[PDB]
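Worksheet: one structure, shown below.
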Ligand SMILES: CCCCCCCCCCCCCCCC(=O)O
């Protein structure tokens with residue numbers, strides 16, 4: 002019944018969205034004078050992005066435009082279809098607010114139409130997992146309202162711990186001895202980015218991230234994301250799966266919009282606690 006829409010910052014694999022009937026509106030990357038798509042056959046990849054960033058290219062990102070949500074929303078209302086939009090955190094992008102404005106314009110044309118927008122206060126794998134729980138609820142025949150309620154319950158309980166090389170691109174992007190120091194960050198209850206530890210070295214950074222992620226597990230699945238290093242993510246995966254509470258691990262490469270902000274060698278772990286973080 003209801004359609005599920007998300008955005009390219011949820012970092013869902015194309016194969017998953019195709020097979021799961023989830024649509025994705027692309028944010029853009031501005032990279033050395035050109036605007037790249039982040040969805041479609043011509044989408045910019047993180048591998049290409051990070052390569053350019055290593056040679057000194059300072060790429061910036063842009064929100065989804067009101068027009069994109071307009072078209073999608075209007076097409077759905079025209080077709081008698083309900084819509085759930087699992088949205089990239091409102092505190093990191095004006096994407097959510099543009100969708101809200103687009104919904105306003107469409108409800109003018111289609112006053113009885115059904116369009117729910119969830120401000121996940123999330124990012125990348127976290128956001129993606131929320132969409133995955135939303136596609137699972139849809140399978141189980143939950144309504145749009147019930148699915149909205151599920152995501153609004155789960156979202157505040159999602160933990161996001163992420164380990165970076167430094168704060169350079171994070172501070173450069175506007176959303177935020187140091188030799189061999191790996192900062193560890195999280196998203197607080199407001200969805201704000203907040204350093205919580207500075208580890209001497211990647212092995213310690215990972216250990217700490219694993220410890221914090223596994224402090225409070227109330228759900229059998231964890232998510233690991235990585236910028237560059239797929240073997241490092243595998244090591245996180247194995248460790249996670251060694252918790253009796255963790256039965257599954259979803260592993261997702263970071264997409265280029267997120268990668269533009271966090272930088273290379275980023276690792277992240279997403280888990281769901283019993284209570285709201
Ligand atoms: C693995 C990293 C975890 C992600 C948690 C948040 C990381 C900060 C990323 C900021 C992304 C901001 C993208 C802004 C898009 C836009 O231009 O509107």
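Residue numbers (the deposited numbering): 2 to 177, 186 to 286. Cβ atoms here follow ideal geometry from the backbone N, Cα and C, with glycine treated the same way.
{"Check": "Contact check, residue 5 vs residue 135, beta carbons under 8 Å", "Outcome": "yes"}
{"Check": "Heavy atom of ligand 1 within 7 Å of residue 64 beta-carbon", "Outcome": "yes"}
{"Check": "Contact set for residue 194: own chain, Cβ-Cβ below 6 Å, skip 5 residues either direction", "Outcome": "163, 202, 204"}
{"Check": "Buried/exposed call for residue 80, threshold 16 Cβ in 10 Å", "Outcome": "exposed"}
{"Check": "Contact the stretch 267-276 vs the stretch 160-174: 3+ CB pairs below 8 Å", "Outcome": "yes"}
{"Check": "The beta strand (DSSP E) enclosing residue 82, as first and last residue numbers", "Outcome": "Premise fails: residue 82 is in no beta strand (DSSP E) and is neither H nor E."}
{"Check": "Check whether residue 23 and residue 74 have beta carbons under 8 Å apart", "Outcome": "no"}
{"Check": "Segment contact, 8 Å Cβ cut-off, at least three pairs: the stretch 109-116 with the stretch 75-95", "Outcome": "yes"}
{"Check": "At least 3 beta-carbon pairs within less than 8 Å: the stretch 25-36 vs the stretch 8-17", "Outcome": "yes"}
{"Check": "Start-to-end residues for the alpha helix (DSSP H) that takes in residue 98", "Outcome": "96-110"}
{"Check": "Nearest candidate by alpha-carbon position, reference residue 210, set 82, 49, 166", "Outcome": "166"}
{"Check": "Beta-ladder partner(s) of residue 261, from DSSP", "Outcome": "234"}
{"Check": "Span of the alpha helix (DSSP H) around residue 223", "Outcome": "Looking at the DSSP string, residue 223 is not in any alpha helix (DSSP H), and its letter there is neither H nor E."}
{"Check": "Closer than 7 Å: residue 118 CB and nearest ligand 1 heavy atom", "Outcome": "no"}
{"Check": "Contact set for residue 67: own chain, Cβ-Cβ below 6 Å, skip 5 residues either direction", "Outcome": "99, 102, 103"}
{"Check": "Contact under 8 Å by Cβ, residue 39 with residue 32", "Outcome": "no"}
{"Check": "Pairwise C-alpha distance: residue 238 and residue 63", "Outcome": "26 Å"}
{"Check": "Residue 188 versus residue 122 - alpha carbon distance", "Outcome": "32 Å"}
{"Check": "Completely contained beta strand (DSSP E) runs for the stretch 2-46, where each covers 3 or more residues", "Outcome": "4-8, 23-26, 29-32, 35-38"}
{"Check": "Test item: CB-CB of residue 263 and residue 255 under 8 Å", "Outcome": "no"}
{"Check": "Simplified DSSP assignment, three categories, for residue 211", "Outcome": "helix"}
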